[PDB]
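Values in this text are rule-based calculations from the coordinates and carry no lab data. For neighbour counting, all protein chains shown are included, and Cβ atoms are generated from backbone atoms with ideal geometry for every residue, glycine included.
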Amino acid sequence: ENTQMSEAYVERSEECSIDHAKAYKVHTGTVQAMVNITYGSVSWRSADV
Amino acid sequence: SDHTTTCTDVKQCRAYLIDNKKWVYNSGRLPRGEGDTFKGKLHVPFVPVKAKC
């Protein structure tokens, strides 16, 4: 004539802040590049476009 | 203190012990206490860290 309770419960692990699978949804976005420009008698100048 | 019990045999009476000066981690292999047991926290020493192997 006795009773043992013994409940259980699932929670996030402590290593979930260092490796996890992020789940993203992708739409169309911007396109960038980088160019190297020289013309005539000047040196190469580069910029992000 | 004391309380000499007026019964005969030692096999027909259970005994317990209430120590509350210190506190223990709530294991799954220990019996739960009486009422509201508080949520007081201890830090975990060796946490994961991202290093170079």
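Here's a check for you: in the stretch B:1-50, which residue that is closer than 21 Å to A:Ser6 by Cα and basic (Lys, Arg) is surrounded by the most Cβ atoms within 10 Å (Cβ to Cβ)?
Within the stretch B:1-50, the match that is surrounded by the most Cβ atoms within 10 Å (Cβ to Cβ) is B:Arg32.
May I ask you to verify whether A:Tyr9 is hydroxyl-bearing (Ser, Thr, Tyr) and within 14 Å of chain B (Cβ to nearest Cβ)? Full working, then the answer.
Details: hydroxyl-bearing (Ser, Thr, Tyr): yes; within 14 Å of chain B (Cβ to nearest Cβ): yes.
Considered against the rule, which asks whether it is hydroxyl-bearing (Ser, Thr, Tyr) and within 14 Å of chain B (Cβ to nearest Cβ), A:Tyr9 comes out as yes.
Determine the pairs where a residue that is of a type in the set (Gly, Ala, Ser), located within the stretch A:29-49, has a partner that is in a strand (DSSP E or B) with Cβ atoms under 8 Å apart, the partner being 6 or more residues away or on another chain.
Filtered contacts from the stretch A:29-49: A:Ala33/A:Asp48; A:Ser46/A:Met34; A:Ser46/A:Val35; A:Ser46/A:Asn36; A:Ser46/A:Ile37; A:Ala47/A:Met34; A:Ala47/A:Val35; A:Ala47/A:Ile37.
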